[PDB]
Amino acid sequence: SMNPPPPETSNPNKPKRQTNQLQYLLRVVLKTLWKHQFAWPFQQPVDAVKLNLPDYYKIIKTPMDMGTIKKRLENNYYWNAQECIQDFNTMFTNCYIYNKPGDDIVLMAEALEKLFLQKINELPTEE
């Protein structure tokens, strides 16, 4: 059993910016979810080998995790806020796609997503 390579966190061929919205996504949104009691499973890529989930990367073709998002934000990898917001949503959706409703991992994702939605509701207007 093998894990795929993780998502890229640097790409000199990809245009990127610092924006006040992206700064908010790191300082407020990522920071808030990262410190949460249920953050730990989402702080790095899913290790499908160690977790004995050999079908994981057959079902999940767009893996994403907050470790990757954190690195991307710190590196200023993104062009806009929507790209980063999409990464968070991909992470949550992967969990709901792979697992059953009410599973502990799904409950954890739901708690993080609730806070995510609350914080992005107050995403500042672009300066």
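The first residue of the sequence shown is number 1, and the count goes up from there.
Of the two stretches examined, 108-116 and 12-20, the record assigns the greater average C-alpha temperature factor to 12-20. For the pair 81-89 and 51-59, the record assigns the higher mean C-alpha temperature factor to 51-59.
When the Cα B-factors of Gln43, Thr32, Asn76, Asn94 are read from the PDB record, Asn76 comes out highest. Compared with the other modelled residues of the chain, the Cα B-factor recorded for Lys100 ranks in the highest third.
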